[PDB]
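Data from coords_28.pdb: PDB, C-alpha atoms
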```pdb
ATOM      1  CA  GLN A   1     105.831  96.099 112.306  1.00  0.00           C
ATOM      2  CA  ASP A   2     109.143  97.239 113.743  1.00  0.00           C
ATOM      3  CA  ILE A   3     112.199  96.751 111.536  1.00  0.00           C
ATOM      4  CA  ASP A   4     113.912  97.984 114.711  1.00  0.00           C
ATOM      5  CA  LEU A   5     112.862  94.743 116.391  1.00  0.00           C
ATOM      6  CA  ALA A   6     113.779  92.520 113.402  1.00  0.00           C
ATOM      7  CA  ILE A   7     117.271  94.006 112.866  1.00  0.00           C
ATOM      8  CA  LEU A   8     118.240  93.540 116.492  1.00  0.00           C
ATOM      9  CA  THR A   9     116.591  90.118 116.722  1.00  0.00           C
ATOM     10  CA  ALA A  10     118.548  88.896 113.698  1.00  0.00           C
ATOM     11  CA  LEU A  11     121.619  90.511 115.269  1.00  0.00           C
ATOM     12  CA  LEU A  12     120.969  88.445 118.419  1.00  0.00           C
ATOM     13  CA  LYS A  13     120.117  85.120 116.847  1.00  0.00           C
ATOM     14  CA  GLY A  14     122.934  86.099 114.492  1.00  0.00           C
ATOM     15  CA  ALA A  15     125.145  86.733 117.489  1.00  0.00           C
ATOM     16  CA  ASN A  16     124.140  83.115 118.326  1.00  0.00           C
ATOM     17  CA  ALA A  17     125.909  83.327 121.677  1.00  0.00           C
ATOM     18  CA  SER A  18     124.991  82.524 125.281  1.00  0.00           C
ATOM     19  CA  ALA A  19     122.710  84.954 127.126  1.00  0.00           C
ATOM     20  CA  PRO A  20     125.420  86.708 129.293  1.00  0.00           C
ATOM     21  CA  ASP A  21     127.216  87.497 126.040  1.00  0.00           C
ATOM     22  CA  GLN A  22     123.895  88.824 124.699  1.00  0.00           C
ATOM     23  CA  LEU A  23     122.766  91.031 127.646  1.00  0.00           C
ATOM     24  CA  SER A  24     126.014  93.026 127.348  1.00  0.00           C
ATOM     25  CA  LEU A  25     124.879  94.086 123.892  1.00  0.00           C
ATOM     26  CA  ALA A  26     121.200  94.694 124.689  1.00  0.00           C
ATOM     27  CA  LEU A  27     121.818  96.757 127.845  1.00  0.00           C
ATOM     28  CA  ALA A  28     124.238  98.832 125.744  1.00  0.00           C
ATOM     29  CA  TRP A  29     121.547  99.285 123.070  1.00  0.00           C
ATOM     30  CA  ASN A  30     119.013 100.061 125.917  1.00  0.00           C
ATOM     31  CA  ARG A  31     116.296  98.191 123.914  1.00  0.00           C
ATOM     32  CA  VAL A  32     114.276  96.642 126.805  1.00  0.00           C
ATOM     33  CA  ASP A  33     111.888  94.754 124.498  1.00  0.00           C
ATOM     34  CA  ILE A  34     114.524  92.551 122.888  1.00  0.00           C
ATOM     35  CA  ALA A  35     116.348  91.514 126.032  1.00  0.00           C
ATOM     36  CA  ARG A  36     112.914  90.666 127.477  1.00  0.00           C
ATOM     37  CA  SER A  37     112.083  88.204 124.675  1.00  0.00           C
ATOM     38  CA  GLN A  38     115.075  87.255 122.486  1.00  0.00           C
ATOM     39  CA  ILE A  39     117.404  87.056 125.519  1.00  0.00           C
ATOM     40  CA  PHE A  40     114.900  86.327 128.330  1.00  0.00           C
ATOM     41  CA  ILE A  41     113.560  83.373 126.359  1.00  0.00           C
ATOM     42  CA  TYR A  42     111.601  80.698 128.235  1.00  0.00           C
ATOM     43  CA  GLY A  43     114.516  78.315 128.655  1.00  0.00           C
ATOM     44  CA  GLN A  44     117.485  80.351 127.500  1.00  0.00           C
ATOM     45  CA  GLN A  45     120.678  79.211 129.233  1.00  0.00           C
ATOM     46  CA  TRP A  46     121.738  81.564 132.060  1.00  0.00           C
ATOM     47  CA  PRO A  47     125.142  80.482 133.447  1.00  0.00           C
ATOM     48  CA  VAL A  48     125.812  81.529 137.043  1.00  0.00           C
ATOM     49  CA  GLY A  49     128.410  84.161 137.929  1.00  0.00           C
ATOM     50  CA  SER A  50     127.986  86.129 134.711  1.00  0.00           C
ATOM     51  CA  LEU A  51     124.392  87.102 135.507  1.00  0.00           C
ATOM     52  CA  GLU A  52     125.848  88.414 138.773  1.00  0.00           C
ATOM     53  CA  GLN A  53     128.548  90.134 136.712  1.00  0.00           C
ATOM     54  CA  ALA A  54     126.100  91.719 134.255  1.00  0.00           C
ATOM     55  CA  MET A  55     123.866  92.808 137.124  1.00  0.00           C
ATOM     56  CA  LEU A  56     126.988  94.640 138.302  1.00  0.00           C
ATOM     57  CA  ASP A  57     127.204  96.160 134.811  1.00  0.00           C
ATOM     58  CA  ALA A  58     123.474  96.979 134.802  1.00  0.00           C
ATOM     59  CA  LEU A  59     123.773  99.074 137.962  1.00  0.00           C
ATOM     60  CA  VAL A  60     126.814 101.033 136.797  1.00  0.00           C
ATOM     61  CA  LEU A  61     125.462 101.839 133.343  1.00  0.00           C
ATOM     62  CA  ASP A  62     122.272 103.370 134.938  1.00  0.00           C
ATOM     63  CA  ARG A  63     120.157 100.801 133.221  1.00  0.00           C
ATOM     64  CA  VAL A  64     117.459 100.883 135.925  1.00  0.00           C
ATOM     65  CA  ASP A  65     114.883  99.604 133.437  1.00  0.00           C
ATOM     66  CA  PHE A  66     116.997  96.455 133.045  1.00  0.00           C
ATOM     67  CA  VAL A  67     117.687  96.304 136.803  1.00  0.00           C
ATOM     68  CA  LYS A  68     114.033  95.502 137.503  1.00  0.00           C
ATOM     69  CA  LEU A  69     113.988  92.843 134.781  1.00  0.00           C
ATOM     70  CA  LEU A  70     117.006  91.179 136.404  1.00  0.00           C
ATOM     71  CA  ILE A  71     115.070  91.257 139.686  1.00  0.00           C
ATOM     72  CA  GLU A  72     112.294  89.363 137.878  1.00  0.00           C
ATOM     73  CA  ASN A  73     114.993  86.968 136.658  1.00  0.00           C
ATOM     74  CA  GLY A  74     115.719  86.356 140.327  1.00  0.00           C
ATOM     75  CA  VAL A  75     118.955  88.141 141.189  1.00  0.00           C
ATOM     76  CA  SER A  76     118.271  88.445 144.919  1.00  0.00           C
ATOM     77  CA  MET A  77     119.960  91.552 146.369  1.00  0.00           C
ATOM     78  CA  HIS A  78     120.908  89.609 149.498  1.00  0.00           C
ATOM     79  CA  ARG A  79     122.950  87.069 147.512  1.00  0.00           C
ATOM     80  CA  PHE A  80     124.139  89.584 144.891  1.00  0.00           C
ATOM     81  CA  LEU A  81     125.817  92.148 147.135  1.00  0.00           C
ATOM     82  CA  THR A  82     128.994  90.823 148.679  1.00  0.00           C
ATOM     83  CA  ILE A  83     131.373  93.123 150.535  1.00  0.00           C
ATOM     84  CA  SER A  84     133.606  93.344 147.464  1.00  0.00           C
ATOM     85  CA  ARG A  85     130.622  93.699 145.113  1.00  0.00           C
ATOM     86  CA  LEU A  86     129.358  96.898 146.757  1.00  0.00           C
ATOM     87  CA  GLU A  87     133.030  97.915 146.950  1.00  0.00           C
ATOM     88  CA  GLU A  88     133.053  97.534 143.169  1.00  0.00           C
ATOM     89  CA  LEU A  89     129.935  99.721 142.937  1.00  0.00           C
ATOM     90  CA  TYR A  90     131.729 102.404 144.968  1.00  0.00           C
ATOM     91  CA  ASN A  91     134.984 101.958 143.020  1.00  0.00           C
ATOM     92  CA  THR A  92     133.815 102.352 139.446  1.00  0.00           C
ATOM     93  CA  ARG A  93     134.194 105.060 136.820  1.00  0.00           C
ATOM     94  CA  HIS A  94     131.356 104.417 134.334  1.00  0.00           C
ATOM     95  CA  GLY A  95     127.946 106.049 133.955  1.00  0.00           C
ATOM     96  CA  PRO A  96     127.546 109.671 135.006  1.00  0.00           C
ATOM     97  CA  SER A  97     129.856 111.772 137.154  1.00  0.00           C
ATOM     98  CA  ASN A  98     129.583 112.841 140.777  1.00  0.00           C
ATOM     99  CA  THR A  99     131.286 114.953 143.412  1.00  0.00           C
ATOM    100  CA  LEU A 100     132.571 111.867 145.285  1.00  0.00           C
ATOM    101  CA  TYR A 101     136.206 112.073 144.140  1.00  0.00           C
TER     102      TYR A 101
ATOM    103  CA  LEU B   1      95.976  86.555 139.837  1.00  0.00           C
ATOM    104  CA  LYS B   2      99.068  88.550 138.809  1.00  0.00           C
ATOM    105  CA  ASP B   3      96.689  91.353 137.836  1.00  0.00           C
ATOM    106  CA  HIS B   4      95.245  90.932 141.344  1.00  0.00           C
ATOM    107  CA  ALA B   5      98.465  92.606 142.650  1.00  0.00           C
ATOM    108  CA  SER B   6      97.302  92.600 146.266  1.00  0.00           C
ATOM    109  CA  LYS B   7      97.033  90.471 149.497  1.00  0.00           C
ATOM    110  CA  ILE B   8      93.672  83.504 147.676  1.00  0.00           C
ATOM    111  CA  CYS B   9      93.500  79.700 147.572  1.00  0.00           C
ATOM    112  CA  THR B  10      93.988  78.157 144.114  1.00  0.00           C
ATOM    113  CA  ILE B  11      93.786  74.334 144.098  1.00  0.00           C
ATOM    114  CA  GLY B  12      95.244  72.476 141.139  1.00  0.00           C
ATOM    115  CA  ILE B  13      94.687  68.972 139.739  1.00  0.00           C
ATOM    116  CA  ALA B  14      97.375  67.440 137.468  1.00  0.00           C
ATOM    117  CA  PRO B  15      99.698  64.405 137.622  1.00  0.00           C
ATOM    118  CA  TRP B  16     103.246  64.486 138.990  1.00  0.00           C
ATOM    119  CA  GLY B  17     104.747  62.803 135.927  1.00  0.00           C
ATOM    120  CA  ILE B  18     103.506  65.753 133.877  1.00  0.00           C
ATOM    121  CA  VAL B  19     105.464  68.204 136.061  1.00  0.00           C
ATOM    122  CA  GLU B  20     108.603  69.630 134.403  1.00  0.00           C
ATOM    123  CA  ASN B  21     111.806  68.575 136.287  1.00  0.00           C
ATOM    124  CA  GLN B  22     109.847  66.314 138.708  1.00  0.00           C
ATOM    125  CA  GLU B  23     113.269  65.340 140.119  1.00  0.00           C
ATOM    126  CA  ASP B  24     113.738  68.992 141.161  1.00  0.00           C
ATOM    127  CA  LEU B  25     110.980  68.686 143.754  1.00  0.00           C
ATOM    128  CA  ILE B  26     111.811  65.293 145.373  1.00  0.00           C
ATOM    129  CA  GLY B  27     111.731  65.917 149.114  1.00  0.00           C
ATOM    130  CA  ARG B  28     108.989  65.657 151.667  1.00  0.00           C
ATOM    131  CA  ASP B  29     107.753  68.977 153.124  1.00  0.00           C
ATOM    132  CA  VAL B  30     111.282  69.977 152.110  1.00  0.00           C
ATOM    133  CA  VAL B  31     111.764  73.363 150.551  1.00  0.00           C
ATOM    134  CA  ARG B  32     113.132  72.378 147.159  1.00  0.00           C
ATOM    135  CA  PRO B  33     114.051  75.538 145.213  1.00  0.00           C
ATOM    136  CA  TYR B  34     112.002  75.388 142.029  1.00  0.00           C
ATOM    137  CA  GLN B  35     113.590  77.899 139.701  1.00  0.00           C
ATOM    138  CA  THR B  36     110.779  79.110 137.451  1.00  0.00           C
ATOM    139  CA  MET B  37     112.379  78.205 134.124  1.00  0.00           C
ATOM    140  CA  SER B  38     111.270  75.370 131.858  1.00  0.00           C
ATOM    141  CA  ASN B  39     112.684  73.985 128.677  1.00  0.00           C
ATOM    142  CA  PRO B  40     111.455  75.776 125.485  1.00  0.00           C
ATOM    143  CA  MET B  41     110.121  72.462 124.184  1.00  0.00           C
ATOM    144  CA  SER B  42     109.723  69.832 126.892  1.00  0.00           C
ATOM    145  CA  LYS B  43     107.589  66.742 127.410  1.00  0.00           C
ATOM    146  CA  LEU B  44     106.899  67.400 131.089  1.00  0.00           C
ATOM    147  CA  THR B  45     105.500  70.914 131.531  1.00  0.00           C
ATOM    148  CA  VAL B  46     105.853  73.416 134.403  1.00  0.00           C
ATOM    149  CA  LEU B  47     102.982  74.080 136.783  1.00  0.00           C
ATOM    150  CA  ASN B  48     102.172  77.811 136.678  1.00  0.00           C
ATOM    151  CA  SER B  49     104.267  79.314 139.461  1.00  0.00           C
ATOM    152  CA  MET B  50     101.896  81.750 141.098  1.00  0.00           C
ATOM    153  CA  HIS B  51      99.149  79.169 141.432  1.00  0.00           C
ATOM    154  CA  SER B  52      99.693  77.725 144.924  1.00  0.00           C
ATOM    155  CA  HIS B  53      97.934  74.454 145.812  1.00  0.00           C
ATOM    156  CA  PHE B  54      98.592  71.358 143.728  1.00  0.00           C
ATOM    157  CA  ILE B  55      97.612  67.689 143.612  1.00  0.00           C
ATOM    158  CA  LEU B  56     100.112  66.098 141.174  1.00  0.00           C
ATOM    159  CA  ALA B  57      98.779  62.525 141.146  1.00  0.00           C
ATOM    160  CA  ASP B  58     101.778  60.293 140.355  1.00  0.00           C
ATOM    161  CA  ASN B  59      99.955  57.180 139.007  1.00  0.00           C
ATOM    162  CA  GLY B  60     103.351  55.710 137.993  1.00  0.00           C
ATOM    163  CA  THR B  61     103.079  57.331 134.561  1.00  0.00           C
ATOM    164  CA  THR B  62     105.822  59.820 133.789  1.00  0.00           C
ATOM    165  CA  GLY B  63     104.605  62.422 131.334  1.00  0.00           C
ATOM    166  CA  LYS B  64     101.106  61.034 130.658  1.00  0.00           C
ATOM    167  CA  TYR B  65      98.414  63.710 130.885  1.00  0.00           C
ATOM    168  CA  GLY B  66      94.893  62.940 132.051  1.00  0.00           C
ATOM    169  CA  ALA B  67      95.264  61.292 135.454  1.00  0.00           C
ATOM    170  CA  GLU B  68      93.319  63.829 137.483  1.00  0.00           C
ATOM    171  CA  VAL B  69      89.859  64.060 135.892  1.00  0.00           C
ATOM    172  CA  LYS B  70      88.034  61.487 138.024  1.00  0.00           C
ATOM    173  CA  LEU B  71      89.895  62.722 141.121  1.00  0.00           C
ATOM    174  CA  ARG B  72      88.732  66.247 140.226  1.00  0.00           C
ATOM    175  CA  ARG B  73      85.154  64.953 140.232  1.00  0.00           C
ATOM    176  CA  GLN B  74      85.805  63.187 143.566  1.00  0.00           C
ATOM    177  CA  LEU B  75      87.137  66.313 145.306  1.00  0.00           C
ATOM    178  CA  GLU B  76      84.427  68.514 143.762  1.00  0.00           C
ATOM    179  CA  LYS B  77      81.767  65.957 144.745  1.00  0.00           C
ATOM    180  CA  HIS B  78      82.557  65.528 148.388  1.00  0.00           C
ATOM    181  CA  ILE B  79      83.197  69.231 148.955  1.00  0.00           C
ATOM    182  CA  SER B  80      79.736  69.837 147.493  1.00  0.00           C
ATOM    183  CA  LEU B  81      78.600  67.005 149.789  1.00  0.00           C
ATOM    184  CA  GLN B  82      80.413  68.712 152.681  1.00  0.00           C
ATOM    185  CA  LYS B  83      77.832  70.873 154.395  1.00  0.00           C
ATOM    186  CA  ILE B  84      78.923  74.494 154.174  1.00  0.00           C
ATOM    187  CA  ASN B  85      78.911  76.121 157.602  1.00  0.00           C
ATOM    188  CA  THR B  86      76.699  78.871 156.181  1.00  0.00           C
ATOM    189  CA  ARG B  87      74.054  76.130 155.596  1.00  0.00           C
ATOM    190  CA  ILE B  88      72.011  78.681 153.585  1.00  0.00           C
ATOM    191  CA  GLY B  89      73.125  77.120 150.255  1.00  0.00           C
ATOM    192  CA  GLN B  90      73.387  73.535 151.601  1.00  0.00           C
ATOM    193  CA  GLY B  91      76.850  72.233 150.553  1.00  0.00           C
ATOM    194  CA  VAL B  92      79.573  74.592 149.289  1.00  0.00           C
ATOM    195  CA  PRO B  93      78.469  75.312 145.692  1.00  0.00           C
ATOM    196  CA  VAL B  94      80.624  74.614 142.639  1.00  0.00           C
ATOM    197  CA  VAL B  95      80.717  76.839 139.540  1.00  0.00           C
ATOM    198  CA  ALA B  96      81.823  75.135 136.311  1.00  0.00           C
ATOM    199  CA  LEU B  97      83.627  77.988 134.615  1.00  0.00           C
TER     200      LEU B  97
END
```
The structure given in the file should be rewritten as structure tokens.
Amino acid sequence: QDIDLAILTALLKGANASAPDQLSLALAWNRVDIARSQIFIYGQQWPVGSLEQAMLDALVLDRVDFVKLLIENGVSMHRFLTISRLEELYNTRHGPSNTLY
Amino acid sequence: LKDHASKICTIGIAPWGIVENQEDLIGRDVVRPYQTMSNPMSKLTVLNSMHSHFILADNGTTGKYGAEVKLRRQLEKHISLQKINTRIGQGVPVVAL
């Protein structure tokens, strides 16, 4: 009922890649439904390190709606934030602007 | 119980061989981290995560479903035979939903 859904689903299956390759498209497209099903499949392979890396990308792109889904994935904020990881959050240039510089 | 969204005992009869990744949970009172992912199509199937109490009767059959029915009747029977401390309804009643 949503050619929107079907295009991006066939662009995912048609991407045919691992999930951390996929998320970096679906966060960019901001479509929360399709990363919740066609990328958060019940058994889709989630290699370590790159879910940490794309959680770092989810924070900096202001994708707060995908932040809470990656909490439900189980990215614990104790294990996620290293010293250098929060240093990367402070030293980034994406998203909106600020007065910090 | 997810739509509960608040504060809860849920007992659960199954066999251990039917549990997905049984080898994940080997360890006695040990806190084995069960990541709540299953295979998309798997023989052994994951116990629902937010259910708490489990039985998991390993009868030596890996996989094979149906090793908890009589034991379900046994538990249900002697808890109904157990005199409830209210003693107004005799033994703790059982409702067959």
* Residues matched by the PyMOL selection byres ((chain A) within 12 of (chain B)), written as a list in words ->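 For this structure, the PyMOL selection byres ((chain A) within 12 of (chain B)) resolves to residues 40, 41, 42, 43, 44, 45, 46, 72, 73, 74 and 75 of chain A.
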Tell me which protein, DNA and RNA residues are within 8 Å of segment 13-23 of chain A, counting only C-alpha atoms, leaving out same-chain ones fewer than 6 positions away, and put them as a short mmCIF file (atom, residue, chain, number, x, y, z; two decimals) with C-alpha atoms, in the coordinates of the input.
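Saved the output as selection03.cif:
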```cif
data_model
loop_
_atom_site.label_atom_id
_atom_site.label_comp_id
_atom_site.auth_asym_id
_atom_site.auth_seq_id
_atom_site.Cartn_x
_atom_site.Cartn_y
_atom_site.Cartn_z
CA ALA A 35 116.35 91.51 126.03
CA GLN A 38 115.08 87.26 122.49
CA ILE A 39 117.40 87.06 125.52
CA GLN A 44 117.48 80.35 127.50
CA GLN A 45 120.68 79.21 129.23
CA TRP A 46 121.74 81.56 132.06
CA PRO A 47 125.14 80.48 133.45
CA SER A 50 127.99 86.13 134.71
CA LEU A 51 124.39 87.10 135.51
CA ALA A 54 126.10 91.72 134.26
#
```
Could you write out as JSON the box around segment 63-75 of chain A (axis-aligned, all atoms listed in the file, 8 Å on each side), with centre and edge lengths in Å to one decimal?
```
{"center_x": 116.2, "center_y": 93.6, "center_z": 137.1, "size_x": 23.9, "size_y": 30.5, "size_z": 24.1}
```
* Asked: Could you write out as a PyMOL selection string the residues that the PyMOL selection byres ((chain B and resi 1-12) around 10) matches in the shown file?
  -> chain B and resi 13-15+47-48+50-56+68+72
* How far is it from atom CA of residue 70 of chain A to atom CA of residue 90 of chain A, in Å with one decimal? ->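 A separation of 20.4 Å between them.
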* To do: For segment 57-62 of chain B, work out the shell of residues within 12 Å, counting only C-alpha atoms and skipping chain neighbours fewer than 6 positions away, then give it as a PyMOL selection string.
  => chain B and resi 12-23+43-45+68-72
* Structure fact -> re atom CA of residue 30 of chain A and atom CA of residue 69 of chain A: distance 12.5 Å
* Asked: To one decimal place, how far is atom CA of residue 55 of chain A from atom CA of residue 34 of chain A in Å?
  ->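 The value is 17.0 Å.
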Rebuild segment 60-72 of chain B to N, CA and C atoms - output it as a tab-separated table (two decimals), keeping the file's coordinate frame, please.
```tsv
chain	number	residue	atom	x	y	z
B	60	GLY	N	102.28	56.58	138.52
B	60	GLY	CA	103.35	55.71	137.99
B	60	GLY	C	103.59	55.99	136.52
B	61	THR	N	102.90	56.98	135.96
B	61	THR	CA	103.08	57.33	134.56
B	61	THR	C	103.89	58.63	134.55
B	62	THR	N	105.08	58.58	133.97
B	62	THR	CA	105.82	59.82	133.79
B	62	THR	C	105.41	60.45	132.47
B	63	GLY	N	105.14	61.74	132.49
B	63	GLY	CA	104.60	62.42	131.33
B	63	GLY	C	103.09	62.45	131.28
B	64	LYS	N	102.47	61.26	131.15
B	64	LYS	CA	101.11	61.03	130.66
B	64	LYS	C	100.02	61.91	131.28
B	65	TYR	N	99.36	62.70	130.44
B	65	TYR	CA	98.41	63.71	130.88
B	65	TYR	C	97.01	63.12	130.92
B	66	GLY	N	96.25	63.43	131.97
B	66	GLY	CA	94.89	62.94	132.05
B	66	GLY	C	94.64	61.99	133.20
B	67	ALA	N	95.33	62.20	134.32
B	67	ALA	CA	95.26	61.29	135.45
B	67	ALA	C	94.67	62.03	136.66
B	68	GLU	N	93.84	63.03	136.39
B	68	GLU	CA	93.32	63.83	137.48
B	68	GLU	C	91.85	64.17	137.29
B	69	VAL	N	91.21	63.63	136.24
B	69	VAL	CA	89.86	64.06	135.89
B	69	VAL	C	88.84	63.47	136.86
B	70	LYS	N	88.92	62.15	137.07
B	70	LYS	CA	88.03	61.49	138.02
B	70	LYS	C	88.28	61.98	139.44
B	71	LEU	N	89.55	62.21	139.80
B	71	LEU	CA	89.90	62.72	141.12
B	71	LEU	C	89.39	64.15	141.31
B	72	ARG	N	89.38	64.94	140.23
B	72	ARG	CA	88.73	66.25	140.23
B	72	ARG	C	87.25	66.13	140.55
```
